[PDB]
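Contents: one structure, followed by commentary.
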Amino acid sequence: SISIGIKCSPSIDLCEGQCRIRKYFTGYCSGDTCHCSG
């Protein structure tokens with residue numbers, strides 16, 4: 001994965017949307033930072 005440096009929480013993980021508008025396929029919150037892949 002890459003990290004995009006958007007803050008997140010795993011409990012309400014909105015990283016997929018942040019990754020998809022940046023043209024990745026998916027994303028997830030690690031610790032408190034969004035990761036993207038694809």
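Every chain in the structure tokens takes a letter, A first, then B, and so on in the order presented; its residues are numbered from 1, and the ligands are numbered from 1 following the presented order.
Look at region 1-17 of chain A: the protein and nucleic acid residues within 6 Å of it, using only C-alpha atoms and passing over chain neighbours fewer than 2 places away, are residues 19, 20, 26, 27, 28, 29, 32, 33, 34, 35, 36 and 37 of chain A.
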Margin query: as a PyMOL selection string, please: every residue in chain A that DSSP puts in strand (DSSP E).
Written below: chain A and resi 2-7+26-30+33-37
Next item on the list: Looking only at helix (DSSP H, G or I) from DSSP on the backbone, list the matching residues of chain A as a VMD selection string.
Entry: chain A and resid 10 to 12 15 to 21
